[PDB]
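Just below is one structure, and these are the notes that go with it.
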Ligand SMILES: [Ca+2]
Ligand SMILES: [Ca+2]
Ligand SMILES: [Ca+2]
Ligand SMILES: [Ca+2]
């Protein structure tokens, strides 16, 4: 969980572009937006994190395993986006 | 419950643009790329989910509450950011 802190502290600091310790609406929107330009290497890295078996596809079971671990995925992503 | 699956399946099927029942690396990238056009309303609704106290900002505490519950998203996102 020191890794849990590090990654969390890391993402927060990157979203909080003005460094005032909090994320504004504009900051959140700016962060989300930088994915319209998600790099090829970055996509490959995320793919490897969810495609557990490394067969080159995310199966429904692999997606479910991810979703069960991140319940604030589907509720938020499914509904909003 | 039937709605919980119905929801998960709805996101999975939205990502699976060629309909082969699996999500490929290019499909994952396309899904991530839709965040480049996130709308003001969508941002507001994600703020509503994470900004619990309604002050219009996401505190590090508020972010932490979200991240504890979505550890995998956060690990993974943390490499793009
Ligand atoms: Ca800020
Ligand atoms: Ca797989
Ligand atoms: Ca597919
Ligand atoms: Ca707040």
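Structure above, values below:
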| item | result |
| --- | --- |
| The listed residue being more than 26 Å from residue A:50 (Cα to Cα) and either in contact with a strand residue (DSSP E or B) (Cβ under 8 Å, 6 or more places away or on another chain) or without any contact (Cβ under 8 Å) to a residue 40 or more places away in the chain (or both), out of B:29, B:54, B:72, B:36 | B:54 |
| Per-region count, region B:22-47, residues at the interface with chain A (Cβ under 7 Å from one of its Cβ atoms) and part of a loop (DSSP other than H, G, I, E, B) | 2 |
| Qualifying residue in region B:27-43 (condition: within 16 Å of ligand 4 (Cβ to nearest atom) and in contact with a helix residue (DSSP H, G or I) (Cβ under 6 Å, 6 or more places away or on another chain)) | yes |
| Scope region A:61-71; condition surrounded by fewer than 17 Cβ atoms within 10 Å (Cβ to Cβ) and either at the interface with chain B (Cβ under 7 Å from one of its Cβ atoms) or within 11 Å of ligand 2 (Cβ to nearest atom) (or both); matching residues | A:61, A:64, A:65, A:69, A:71 |
| Filter result for residue A:5 (closer than 15 Å to residue B:73 by Cβ and more than 16 Å from ligand 4 (Cβ to nearest atom)) | no |
| Answer from A:12, A:66 - the residue that is within 17 Å of residue B:71 (Cβ to Cβ) and within 16 Å of ligand 4 (Cβ to nearest atom) | A:12 |
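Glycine also receives a Cβ, built like all others from the backbone with ideal geometry; neighbour counts cover every protein chain displayed. Readers should treat all values here as calculations from the given coordinates under stated rules, not as data from a laboratory.
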